[PDB]
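Data block below; observations after.
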Amino acid sequence: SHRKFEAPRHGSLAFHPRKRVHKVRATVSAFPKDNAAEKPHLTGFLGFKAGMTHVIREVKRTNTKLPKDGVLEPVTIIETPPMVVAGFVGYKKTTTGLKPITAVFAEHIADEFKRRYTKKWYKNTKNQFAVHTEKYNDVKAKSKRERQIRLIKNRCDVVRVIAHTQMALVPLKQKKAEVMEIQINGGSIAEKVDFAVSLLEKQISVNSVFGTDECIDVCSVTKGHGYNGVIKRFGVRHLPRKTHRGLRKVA
Amino acid sequence: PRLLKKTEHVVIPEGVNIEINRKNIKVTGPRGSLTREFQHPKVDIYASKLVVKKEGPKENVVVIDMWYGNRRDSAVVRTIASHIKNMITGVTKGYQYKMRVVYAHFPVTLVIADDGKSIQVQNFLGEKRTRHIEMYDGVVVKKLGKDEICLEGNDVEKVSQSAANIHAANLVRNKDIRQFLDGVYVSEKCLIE
Amino acid sequence: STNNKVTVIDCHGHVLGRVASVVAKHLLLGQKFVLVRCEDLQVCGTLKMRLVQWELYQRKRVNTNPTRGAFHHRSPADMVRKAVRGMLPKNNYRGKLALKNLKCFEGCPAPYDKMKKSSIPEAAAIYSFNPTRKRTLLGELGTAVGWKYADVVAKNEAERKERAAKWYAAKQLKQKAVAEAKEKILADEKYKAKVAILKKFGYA
Amino acid sequence: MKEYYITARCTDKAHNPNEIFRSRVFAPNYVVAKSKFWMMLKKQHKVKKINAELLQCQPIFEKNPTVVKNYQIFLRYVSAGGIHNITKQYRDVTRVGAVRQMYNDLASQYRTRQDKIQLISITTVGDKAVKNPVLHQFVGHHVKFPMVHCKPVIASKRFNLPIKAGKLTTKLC
Amino acid sequence: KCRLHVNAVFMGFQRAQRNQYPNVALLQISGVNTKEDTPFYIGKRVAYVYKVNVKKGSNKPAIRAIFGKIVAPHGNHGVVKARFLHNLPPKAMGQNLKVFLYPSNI
Amino acid sequence: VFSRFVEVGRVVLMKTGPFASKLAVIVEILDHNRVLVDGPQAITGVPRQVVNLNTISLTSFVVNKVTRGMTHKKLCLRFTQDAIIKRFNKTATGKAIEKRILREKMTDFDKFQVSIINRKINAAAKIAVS
RNA sequence: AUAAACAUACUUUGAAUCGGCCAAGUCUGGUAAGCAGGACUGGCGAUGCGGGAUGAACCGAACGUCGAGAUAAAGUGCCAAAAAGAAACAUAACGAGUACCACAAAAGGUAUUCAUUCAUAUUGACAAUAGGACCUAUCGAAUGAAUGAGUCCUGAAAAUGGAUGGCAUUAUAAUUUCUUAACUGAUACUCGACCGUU
RNA sequence: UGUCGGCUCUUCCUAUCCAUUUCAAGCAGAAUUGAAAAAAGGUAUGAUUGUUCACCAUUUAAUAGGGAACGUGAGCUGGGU
RNA sequence: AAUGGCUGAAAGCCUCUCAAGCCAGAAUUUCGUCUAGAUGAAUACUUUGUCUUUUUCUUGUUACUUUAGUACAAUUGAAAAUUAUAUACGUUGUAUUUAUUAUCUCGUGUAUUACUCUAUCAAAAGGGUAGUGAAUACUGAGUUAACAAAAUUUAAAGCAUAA
Numbered sequence: 002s003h004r005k006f007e008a009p010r011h012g013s014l015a016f017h018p019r020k021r022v023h024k025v026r027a028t029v030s031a032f033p034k035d036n037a038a039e040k041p042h043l044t045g046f047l048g049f050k051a052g053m054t055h056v057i058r059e060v061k062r063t064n065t066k067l068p069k070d071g072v073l074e075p076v077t078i079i080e081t082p083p084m085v086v087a088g089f090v091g092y093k094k095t096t097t098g099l100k101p102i103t104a105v106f107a108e109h110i111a112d113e114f115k116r117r118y119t120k121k122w123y124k125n126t127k128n129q130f131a132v133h134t135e136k137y138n139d140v141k142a143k144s145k146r147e148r149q150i151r152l153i154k155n156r157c158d159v160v161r162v163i164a165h166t167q168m169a170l171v172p173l174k175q176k177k178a179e180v181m182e183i184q185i186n187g188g189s190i191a192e193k194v195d196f197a198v199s200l201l202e203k204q205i206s207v208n209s210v211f212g213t214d215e216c217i218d219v220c221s222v223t224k225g226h227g228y229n230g231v232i233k234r235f236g237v238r239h240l241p242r243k244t245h246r247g248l249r250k251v252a
Numbered sequence: 002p003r004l005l006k007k008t009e010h011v012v013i014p015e016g017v018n019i020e021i022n023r024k025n026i027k028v029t030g031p032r033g034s035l036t037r038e039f040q041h042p043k044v045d046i047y048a049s050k051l052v053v054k055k056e057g058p059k060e061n062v063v064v065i066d067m068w069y070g071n072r073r074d075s076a077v078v079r080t081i082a083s084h085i086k087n088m089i090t091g092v093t094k095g096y097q098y099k100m101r102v103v104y105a106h107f108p109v110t111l112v113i114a115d116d117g118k119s120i121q122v123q124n125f126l127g128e129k130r131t132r133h134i135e136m137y138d139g140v141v142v143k144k145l146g147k148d149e150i151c152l153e154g155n156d157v158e159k160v161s162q163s164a165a166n167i168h169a170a171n172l173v174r175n176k177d178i179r180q181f182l183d184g185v186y187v188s189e190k191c192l193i194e
Numbered sequence: 002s003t004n005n006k007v008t009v010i011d012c013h014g015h016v017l018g019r020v021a022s023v024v025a026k027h028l029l030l031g032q033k034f035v036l037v038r039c040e041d042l043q044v045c046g047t048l049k050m051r052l053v054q055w056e057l058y059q060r061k062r063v064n065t066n067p068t069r070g071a072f073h074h075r076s077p078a079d080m081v082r083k084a085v086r087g088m089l090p091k092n093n094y095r096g097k098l099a100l101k102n103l104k105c106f107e108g109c110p111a112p113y114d115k116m117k118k119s120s121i122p123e124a125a126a127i128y129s130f131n132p133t134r135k136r137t138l139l140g141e142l143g144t145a146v147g148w149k150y151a152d153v154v155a156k157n158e159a160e161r162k163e164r165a166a167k168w169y170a171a172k173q174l175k176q177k178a179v180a181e182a183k184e185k186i187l188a189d190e191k192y193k194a195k196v197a198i199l200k201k202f203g204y205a
Numbered sequence: 001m002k003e004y005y006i007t008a009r010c011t012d013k014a015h016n017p018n019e020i021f022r023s024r025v026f027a028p029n030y031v032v033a034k035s036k037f038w039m040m041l042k043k044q045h046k047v048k049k050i051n052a053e054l055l056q057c058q059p060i061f062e063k064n065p066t067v068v069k070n071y072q073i074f075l076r077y078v079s080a081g082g083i084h085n086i087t088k089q090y091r092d093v094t095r096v097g098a099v100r101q102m103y104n105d106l107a108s109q110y111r112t113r114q115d116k117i118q119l120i121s122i123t124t125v126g127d128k129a130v131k132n133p134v135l136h137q138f139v140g141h142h143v144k145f146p147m148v149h150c151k152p153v154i155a156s157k158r159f160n161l162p163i164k165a166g167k168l169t170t171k172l173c
Numbered sequence: 003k004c005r006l007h008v009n010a011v012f013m014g015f016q017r018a019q020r021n022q023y024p025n026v027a028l029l030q031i032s033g034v035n036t037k038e039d040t041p042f043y044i045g046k047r048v049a050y051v052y053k054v055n056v057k058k059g060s061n062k063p064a065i066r067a068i069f070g071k072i073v074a075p076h077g078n079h080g081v082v083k084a085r086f087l088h089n090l091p092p093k094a095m096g097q098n099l100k101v102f103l104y105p106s107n108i
Numbered sequence: 002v003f004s005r006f007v008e009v010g011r012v013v014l015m016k017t018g019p020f021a022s023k024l025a026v027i028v029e030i031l032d033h034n035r036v037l038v039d040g041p042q043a044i045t046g047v048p049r050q051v052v053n054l055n056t057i058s059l060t061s062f063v064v065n066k067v068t069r070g071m072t073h074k075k076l077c078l079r080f081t082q083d084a085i086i087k088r089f090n091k092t093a094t095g096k097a098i099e100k101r102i103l104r105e106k107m108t109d110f111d112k113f114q115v116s117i118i119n120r121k122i123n124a125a126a127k128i129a130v131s
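Residue numbers (PDB author numbering), protein chains in the order written: chain lE, 2 to 252; chain lK, 2 to 194; chain lO, 2 to 205; chain lT, 1 to 173; chain lj, 3 to 108; chain lP, 2 to 131.
Below is the structure:
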């Protein structure tokens, strides 16, 4: 038969299946569409949320009925210490999506970036980025770097910088840095790399990425709630009190 | 039924040169050059010299011939032979579609770009919306007088279509068409010469 | 023997259902097939009616769990591998050993760019069609149903015609000079004894 | 298809034994020809095979099967509505050849199987007496057309290969 | 060194829609496209030469064969029928055989 | 414009049949598919018969002043007046048919010499170009 | 006329069974039913095998164990053993495709092919342009009306996602007819071997 | 094969009630009426009766019609039977 | 999409097209964005530089160990486009497996290469330069074969050290 009275379905089907993530950081799955007629610019950052607080904001809009005194609004304070660029990677568009062609890395790598390549640092010999650093200036291993740059300028369409946070400036107990690939959107690939190479080992501050009164698309991983029933998870109607074998479930 | 041979031909006046490359006709004339693609895979277009008048000499013509074929596909010879005739006329005596504006109570103001490549219709039936209506390539809009415009151009398929795009953007919705007889209409279609 | 060579089929202007019946029979005959350009293939019917034939094929999907249901592959490389997979034995060993010898690439990858391409006379669109019947390139339909990699194949192809046309120019100058020299030594006096043997059988 | 010349006479009280029923029947063999002839007597002259005898049954070979003639065929066929009469024109070098066309086109255009058509008379008409819209265009002296969008012709089935080498092109022919 | 055979593909056994008679094996000889070119091949020896990996502690050879003949044509495409001393394994379907040139009649 | 038309008098090449690769002269067009080839039986050997357009191939020679339904006595004069046999043997297909006939007569000793000689000449041609 | 000696005529004793069902160039009650009830015959019951993709009844054909060959129904684009050529009416569409069988109607169409009847057709028939329904000039070959027969389109709407069997075809690998002393194929037919009954 | 209804929940059909895009009117405007594309979204609160159904009082843009073993009893309730 | 249209035949006129070619138009479809996601890619460090099987150490993986056996650089594989295809020719008439004159030895230089190797410049190239070797054409001469043999493509045992 037909349901007696029609109702809006509970929960969203665009998120099924509801699989919890593993890595705490949420990878940004898409970057703004590249515009080829502007100076190259970073299109992202990475900050650690701290909390929330309320503000009284003066209304600067037109033809609105909000009080002239102020509007009480909630804000969120995201602490973002400057990040350190530690290389870059050039992607290429093939018939199976992007394909990372090469990846050039800086010389001096901080100990907060080496930790990401190990699962037990206190026993690890901590030899990460050692052969790369010791042979950085050799002529054989300098032509290889110059070869990688010419490969990217010729057979690549997307350039991203492998920037990592600094964990000594945040009160978190974690020590290893969090690595993010921030795409560069701007002029042709000739000047993207020249911009990416100019950023190596150089700290980047948030004001060089974002601007005042700019809207952004925050991407993150929600709060953890563990096993939950049907009433909390989806929102169905709790059954009457008389019910046998319990109430809070789908019938 | 299946015609053994259906033939058509178009005369080439003395001012125009026509060259064909696999049904990609290029027509050159005093007003400019026009090109079209006739992608019917069953006809061949080749220039030739044929006696058109009963008691006349040979004249340069473009001959379109379609051999054994049903009446559904044989109808395209005269369509191809007439699209060419509008490319010879167009580049010799350009086209022009004079257009009027009809309104009942609300005056309509037309804003034409400096180059003439675009128009702008304001205050249609008092509506606050300002329709743009951009023209095609090689079509120029100009204001002849009061409540009248004319669209100069070479390609009839682009002048006329651009003339039907202005009228399609000024339709009356949710109202009796038989009385609210507004819009912009094609008064007459003629040639520049 | 051991037929280890690969029979590359150039699928420019063939028919999807006829270039795949010949492959399906010949895959089971211990042959290896690589169908380059499975995106230029042709199917009968205008673009409007080739979407109704796809909307029908998009409905068939397991109700209780769509993640089990018919996976409707859009890439024209996979719209010919599915077409071949329909004419091969289903759910046994012989229908899979013969399906590992089949490949489509929409473009033309490196090792198959420089191989002796073949053709199937029974599958050509010029032999089995009324020229007024309206066809549809597989690549043209693939984009209409959400194929995101159609500009890449065109760009890769545009850089393959400009690298094979400049190779032809260097190839034809050497081939013309060699042929012009072979005529010189055919008329050589010292080679008159050998030429009369070739001339007798029409080889000169 | 073949043409036969069949004659027979009736020997009983109703019919005199001095009338001979000739016929020129078209049938694939001579036993399907007698069947057409016997039922033509019985439905028209009340003569049954038990009360008659076959006198002659010979094939009629074409005298000049090297000359092209315009054949005119008068026939009647049965449709789901009623019974009609048709008169189709055919070009072929033999009488037994122009009839074979009549069965194929009738069984295709009108979807009437061959056991509904009664061939009444087949004669030869002139050049200008061809009323068919399509047949009329090829009877002239100066008819010429290019056979285009051809397909390459192989010598025999031996040279036909399942898979070829190189690109395939048609012929201006 | 030299080639003295034409590689015929083991298509399968003489069967029906829902049957199989493994006493007779069909072959698609390379180069034969009609049943009128088969009159030559009726009689020529055919061998299914295969290879078996063996351990060093055994006597059996690493290359064996199953010899047979061509007995009659089949269909109008030049497919032939071959009868072997031991019916070919169904693991050879699609593989290549050898069609020798003896007993010759030329 | 199409060069080779299917008219009366056009010399056609019968590709398939017992008379494969023989010259025939059209003397009638029954309809769009069937013609009446009469490549004079006393010259080429193709008798008068109705053939399909899917068996013959056109040649660029038209016998001059040939009317439809010509007799064998008079068609033989026009065919031998223009000497189609002399002209046909010089074209690309004429040299292809004679080439096929010679290589058919080749024995195994004749196939060995040509391969052993062509390779020597072909390699010597490649040496001669720097 | 034809068949009939393991022919013909029986005698005694006795077992099982009397819930039946299906097909139709048949019938009755019923609006109708995979409904109820019958006459003649064949089957399923009691029955496998080759074919209809699957099916108790449909088509071929009834079975000891086999080997080789021609066959029957029916098919020969691939799954699938096996076919090439010829002609047409269709196919700008989930239209066409193995009967029983798993559906489609009345009606409408200036959609298309063929045929029939009638009329106007020349130095002048229609459309068109120009001038004064009708006439003239130019334009120069077919034109107009009615009827019949195929094919096609609308008519055509139901609940899990799916069924010419699937893939797929579109001057076919569809529908209708044909040509070639072509091909494929059952446990049935022929020959040979072996077991048993008479 | 646990045999009515209701509560809870999901999905499907279109012979569409609202929203979107269009034609027709005896469409001047407003209101309305007939039909076409289209099932991605939405389609209520209560008094009496065990009721499906019904009839009333309101509200909304609309308060459309149906199927899933007359959906749903080791899901409930036991009002009726 | 329904619908409104443009040029336009059929059918000299008319027509949005049960014709070729196009435009405008939905809460529609597809990219874009959101969530889950398989085969993959790059980089870092440890190795390995032809090869696997069996026992065996570890929580487990790789490297590693022992006794074996196996080949040792050098002729393969690309025009594109159209099919009513500029004109000419129809160049006919067997796709991969399957296009080398048995082996070895002695001989002069030249020339060639989608050949091998090294160095360099470059390179997600059948790339350029230089050198060397191989094969081949000019193009040789000579020895040997009779009986048997011309099958590798993988087996069996360990845990010292390192990550």
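The C-beta atom is built at its ideal place from N, Cα and C for all residues, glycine as well.
Cα-Cα separation between residue 1 of chain lE and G98 of chain lE, rounded to whole angstroms: It is not possible to answer for residue 1 of chain lE, since the shown part of chain lE is limited to 2 through 252.
Buried versus exposed call for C216 of chain lE [16 or more other C-beta atoms within 10 Å across all chains shown]: Start at 1 with the first residue of the first sequence, and residue 216 of chain lE comes out as number 215. Residue environment: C216 of chain lE is assigned as exposed (fewer than 16 neighbouring CB atoms within 10 Å of its CB, all protein chains considered).
Interface flag, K144 of chain lT vs chain lP, CB-CB below 8 Å: Along the fourth sequence, read from residue 1 onward, the residue named residue 144 of chain lT stands at position 144. Judged by the 8 Å Cβ criterion, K144 of chain lT is in contact with chain lP.
Amino acids of chain lP, ordered along the chain, whose beta-carbon sits closer than 7 Å to that of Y47 of chain lK: Stepping through the second sequence from its first residue, residue 47 of chain lK is reached at position 46. Residues of chain lP passing the Cβ test: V2.
Continuous beta strand (DSSP E) stretch holding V7 of chain lP: start and end: Stepping through the sixth sequence from its first residue, residue 7 of chain lP is reached at position 6. DSSP places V7 of chain lP outside any beta strand (DSSP E), giving it a letter other than H or E.
Residues of the region 33 to 58 of chain lK with Cβ closer than 9 Å to any Cβ of chain lO, in chain order: So the close ones are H41, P42, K43.
Coil, strand or helix - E158 of chain lO by DSSP: The residue given as residue 158 of chain lO occupies position 157 in the third sequence. DSSP places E158 of chain lO in helix when its eight states are reduced to three.
Exposure of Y123 of chain lE, with buried meaning 16 or more beta-carbon neighbours within 10 Å: Position 122 of the first sequence holds residue 123 of chain lE. The residue is exposed, with fewer than 16 neighbouring Cβ atoms inside 10 Å.
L51 of chain lK beta carbon less than 8 Å from that of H10 of chain lK: Residue mapping note: residue 10 of chain lK aligns to position 9 of the second sequence, counting from 1. Residue mapping note: residue 51 of chain lK aligns to position 50 of the second sequence, counting from 1. Yes, these two residues count as a Cβ contact at 8 Å.
Contained alpha helix (DSSP H) runs [length at least 4] in the region 24 to 85 of chain lT, N- to C-terminal order: DSSP runs (the alpha helix (DSSP H)) wholly in the region 24 to 85 of chain lT: 31 to 45.
Chain-ordered neighbours of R95 of chain lO on chain lj, where CB pairs are closer than 9 Å: The residue you call residue 95 of chain lO lines up with position 94 of the third sequence. When 9 Å is used as the limit between beta carbons, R95 of chain lO is near these residues of chain lj: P92, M95, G96, in chain order.
8 Å Cβ cutoff met for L174 of chain lO and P77 of chain lO: On the third sequence, residue 174 of chain lO is found 173 positions in, with the first residue counted as 1. On the third sequence, residue 77 of chain lO is found 76 positions in, with the first residue counted as 1. Cβ atoms of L174 of chain lO and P77 of chain lO: not closer than 8 Å.
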